[PDB]
Amino acid sequence: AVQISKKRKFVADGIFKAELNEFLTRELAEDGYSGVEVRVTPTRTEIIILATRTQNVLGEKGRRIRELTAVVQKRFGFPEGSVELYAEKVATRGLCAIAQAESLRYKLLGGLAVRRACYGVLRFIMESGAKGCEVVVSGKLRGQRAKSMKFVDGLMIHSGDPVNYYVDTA
Amino acid sequence: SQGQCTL
Amino acid sequence: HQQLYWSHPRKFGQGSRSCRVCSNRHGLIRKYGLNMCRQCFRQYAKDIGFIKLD
Amino acid sequence: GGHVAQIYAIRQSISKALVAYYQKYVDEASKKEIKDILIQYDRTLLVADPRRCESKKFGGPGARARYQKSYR
Amino acid sequence: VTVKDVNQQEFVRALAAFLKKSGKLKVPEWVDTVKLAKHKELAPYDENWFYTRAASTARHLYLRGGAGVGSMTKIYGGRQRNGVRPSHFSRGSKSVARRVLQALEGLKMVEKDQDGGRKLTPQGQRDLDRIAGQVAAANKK
RNA sequence: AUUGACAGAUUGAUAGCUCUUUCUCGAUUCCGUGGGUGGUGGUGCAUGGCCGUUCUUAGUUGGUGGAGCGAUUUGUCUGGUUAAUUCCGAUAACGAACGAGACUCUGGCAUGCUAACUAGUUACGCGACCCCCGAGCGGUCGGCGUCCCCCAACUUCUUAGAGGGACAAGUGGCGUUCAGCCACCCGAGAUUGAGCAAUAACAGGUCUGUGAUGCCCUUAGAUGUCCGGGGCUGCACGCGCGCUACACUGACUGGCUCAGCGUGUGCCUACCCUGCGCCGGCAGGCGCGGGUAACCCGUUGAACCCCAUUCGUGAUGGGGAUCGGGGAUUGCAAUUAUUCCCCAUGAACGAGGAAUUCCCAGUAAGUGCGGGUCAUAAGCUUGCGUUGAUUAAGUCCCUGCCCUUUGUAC
Ligand SMILES: [Mg+2]
Ligand SMILES: [Zn+2]
């Protein structure tokens with residue numbers, strides 16, 4: 001890689017973190033996966049997995065972690081010992097909009113009420129502490145045609161530059 | 001009746 | 001057999017140029033060789049580095 | 001620049017070059033009178049025009065225009 | 001005086017006349033049977049186009065040094081009209097002025113540069129300046 | 001149990017796919033019964049995702065008070081104003097909140113700062129010259145270097161970090177003297193353009209965007225995957241956006257003077273931008289290099305534009321549709337011509353009835369040139385430029401949206 005241009009390097013790098021971010025979304029469905037932050041160093045890069053069920057992430061002395069370093073090394077063209085992975089816990093789970101989604105998804109898989117789980121995942125946010133939230137579920141449920149309903153309370157601004165970084169969406 | 005001029 | 005199966009030359013082929021997630025042969029983008037559909041980049045643009053400031 | 005743009009760029013250049021020299025090295029009373037004469041003739045000799053090219057917006061060949069469309 | 005304080009059109013015409021009077025510029029075999037530009041629909045209207053274009057080329061080389069075949073073709077481009085299709089841009093031709101720069105080499109007014117291209121020699125610069133002075137003198141009187 | 005094959009015939013196939021001949025690998029297959037597969041098949045009237053329109057206008061929701069038996073309403077209003085329930089005022093509303101606004105992206109500036117050889121400026125010691133006595137602190141150089149150097153610094157012009165400046169601030173007028181509207185002076189600019197953009201309604205479109213998907217459908221004579229050829233362009237006729245011009249402000253020939261956004265050698269993927277020099281009438285070919293990039297193209301010498309000659313109202317060198325011949329281009333391949341270069345035939349085209357669309361300032365428009373597309377490519381599209389004016393600062397007359405009063409078994 002002694003002859004690489006910056007523009008195509010960052011283009012392959014942006015899709016590099018996107019490829020792992022999407023893959024770990026598909027992989028750690030039951031581990032409460034939220035996202036990944038990548039630190040790049042010439043010697044040995046490290047990658048952190050943000051999830052709520054970090055104990056299940058390890059499994060058995062990091063069985064899932066060790067098997068993950070092997071597939072990443074084999075697939076992404078990295079040498080032995082060049083990429084190391086760590087597991088972290090979400091500081092404020094309620095304010096991680098991905099978390100309340102993956103709790104709702106498994107509630108839908110279980111068969112919980114549409115309104116009660118929307119208000120339950122809702123009511124969990126102000127007790128953690130938030131200014132506003134809005135969760136919308138649309139589609140078909142034990143019937144014909146697809147219905148969309150929303151559940152929002154509190155100060156909840158959609159329009160403006162502040163909505164770019166103050167709002168996290170899944 | 002288009003406001004051309006300025007009873 | 002081996003002289004017929006996939007015997008069509010794979011180089012210089014548009015359809016043979018396919019995105020690495022969607023495997024679609026209509027509307028491929030190759031800027032910086034991105035190998036990414038226009039709509040598939042539509043959804044991952046905030047991930048790669050593209051944000052609609054303008 | 002261009003052709004009319006470059007001529008005016010040069011024309012405004014010598015005008016404010018004389019003004020700057022008449023400001024720094026000679027009597028400022030003459031600097032006021034030459035500036036007043038320049039403003040009286042045409043203000044554009046000293047001011048840079050703010051107006052620039054306006055970015056095109058999709059839906060029509062020009063920036064403000066629209067691609068002619070019919071209902072049927 | 002330099003070549004800047006004289007009319008460009010009259011300077012080119014005077015240099016073309018001077019080249020015709022000398023008659024030592026190399027003349028290719030294809031004299032009056034080829035087009036000067038790709039975009040053109042006709043042959044050159046007037047003769048001595050070889051001398052007139054060589055006169056202008058020597059002037060462009062005077063202003064900017066280190067110019068080769070690629071540089072020249074960008075300069076002399078012409079408005080290519082393709083009839084029904086929208087018109088586009090066409091670069092200048094290549095071979096004909098290669099005989100011009102070989103003609104200038106034969107007349108000892110261009111010299112190959114250190115990295116590429118052709119650069120004005122003292123003989124060429126001196127000739128261009130004296131004809132410029134003659135042009136200025138003729139314009140004044 | 002199998003898979004593959006030379007030989008002779010078909011099939012286009014140097015396709016053991018078949019017919020005669022036999023060879024070669026070996027538990028990995030094959031034959032029936034259950035059972036997943038794949039689909040660019042159908043359903044967008046199952047959908048999830050999104051975008052768009054009502055809508056980019058000015059419009060929508062609690063706590064506490066007021067009106068109500070109540071579902072609910074006032075809060076959001078006679079009036080004035082703005083692009084804008086924004087603001088101001090009479091007022092049962094006060095505090096607020098969503099949406100405008102506000103915020104974010106690019107261009108407008110100090111002789112302000114920081115410092116930029118990957119850039120320039122002024123000079124320095126040169127050389128090439130021009131006039132001329134040896135002339136002159138003469139005039140040009142994008143010709144040399146001021147990162148192994150003392151052989152100097154700086155950022156005005158080339159851009160990248162941070163800060164104010166423009167808020168109806170100051171004068172005058174209109175205005176219930178309030179909100180607001182206009183003239184004016186100083187001012188880079190007295191309305192500079194764009195992204196996000198409240199709930200919700202679309203049976204809006206996409207299953208041909210994904211290994212997102214429900215159900216049904218052909219599954220070993222598959223609607224899969226594999227190969228090849230043909231058409232997606234066909235052609236009597238009508239419909240949308242568009243290009244070329246119908247000329248004299250024109251076109252032809254020759255010269256002269258200016259450009260920025262921006263891509264430029266790739267995991268699987270071979271395929272990059274091009275410079276210099278030579279050959280060829282032209283597309284083009286050959287040898288030599290630079291660039292993984294403010295370092296090369298490139299000071300991007302682009303086009304009408306500025307100058308000189310010709311044609312002079314003649315369907316007239318211009319308008320160039322259709323056809324022939326020759327050649328290189330790209331790949332395996334160009335015929336049902338990707339495209340390009342030269343000689344050719346050279347029809348309409350005197351500005352076009354209704355009837356509509358877009359456009360108010362760097363605007364329209366001319367006119368090009370980048371990127372998206374790509375083995376090669378644009379009459380598409382997004383943008384960047386150069387030239388670049390008048391029309392108006394108004395209303396609902398024609399077509400439609402918003403608000404209220406609101407008939408209404410809806
Ligand atoms: Mg595709
Ligand atoms: Zn793909």
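Both backbone and side-chain heavy atoms feed into the values below; hydrogens, waters and symmetry mates do not. In what follows, chains are A, B, ... by sequence order, proteins preceding strands, each numbered from 1.
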Write down the protein N/O and nucleotide N/O pairs, taken from nucleotides 183-187 of chain F, whose separation is under 3.5 Å; answer none if there are no such pairs.
none

Within [range], find the residues that approach RNA chain F with a heavy atom at under 4.0 Å, and present them sorted by residue number.
range                       : result
residues 22-35 of chain C   : C/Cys22, C/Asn24, C/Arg25, C/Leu28, C/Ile29, C/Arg30, C/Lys31, C/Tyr32, C/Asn35
residues 45-54 of chain C   : C/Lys52, C/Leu53, C/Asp54
residues 86-100 of chain E  : E/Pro86, E/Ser87, E/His88, E/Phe89, E/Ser93, E/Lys94, E/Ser95, E/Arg98, E/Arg99
residues 132-141 of chain E : none
residues 135-144 of chain A : A/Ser138, A/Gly139, A/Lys140

At 4.0 Å (heavy atoms only), tell me whether [X] reaches a base, stays on the sugar-phosphate, or touches nothing.
X        : answer
D/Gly59  : sugar-phosphate
A/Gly160 : base
E/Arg130 : sugar-phosphate
D/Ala20  : nothing
A/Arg26  : sugar-phosphate
E/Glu47  : nothing
D/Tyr71  : sugar-phosphate
A/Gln3   : base
C/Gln14  : sugar-phosphate
E/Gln80  : sugar-phosphate
E/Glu111 : nothing

(request) Say whether, by atom type as modelled, one donor and one acceptor occur between the side chain of E/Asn48 and the main chain of E/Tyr51 under 3.5 angstrom. (result) no
(request) Classify every nucleotide of nucleotides 250-257 of chain F by which part a protein heavy atom approaches to under 4.0 Å, writing B for the base, S for the sugar-phosphate alone and - for neither, in 5'-to-3' order. (result) --SSBBSB
(request) Please name all residues satisfying ring pair (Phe, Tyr, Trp, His ring centres under 6.0 Å) with A/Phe151, sequence neighbours left out, ordered by chain then number. (result) A/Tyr119
(message) Both distances below 3.5 Å, Watson-Crick or wobble geometry, any strand: find the nucleotide opposite F/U10.
(response) none
(request) Write down the partner of F/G145 under the Watson-Crick or G-U wobble criteria, each distance required to be under 3.5 Å. (result) F/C124
N/O contacts under 3.5 Å, protein versus nucleotides 3-5 of chain F?
unit_1: F/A5; atom_1: OP2; unit_2: C/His1; atom_2: NE2; d: 3.3

(message) According to side chain to side chain donor-acceptor pair (under 3.5 Å), does anything in residues 131-141 of chain E pair up with another residue at least two apart or in another chain? List the pairs.
(response) E/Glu10-E/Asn139
(message) Would you call the rings of E/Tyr76 and E/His60 parallel, tilted or perpendicular, taking 30° and 60° as the class edges?
(response) parallel
Let me have the donor-acceptor pairs involving side chains of residues 4-15 of chain C, under 3.5 Å, with sequence neighbours excluded, atom names and distances please.
unit_1: C/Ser7; atom_1: OG; unit_2: C/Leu4; atom_2: O; d: 2.9
unit_1: C/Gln14; atom_1: NE2; unit_2: C/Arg25; atom_2: O; d: 2.9

Output side-chain donor-acceptor pairs under 3.5 Å for residues 36-45 of chain E, partner residues at least two apart or in another chain, one line each.
none

(message) Check this for me: does the side-chain of E/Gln125 come within 3.5 Å of the base of F/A128 through a donor and an acceptor?
(response) yes
(request) Sign of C1'-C2'-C3'-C4' decides it: give me the sugar pucker of F/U219, north or south. (result) north
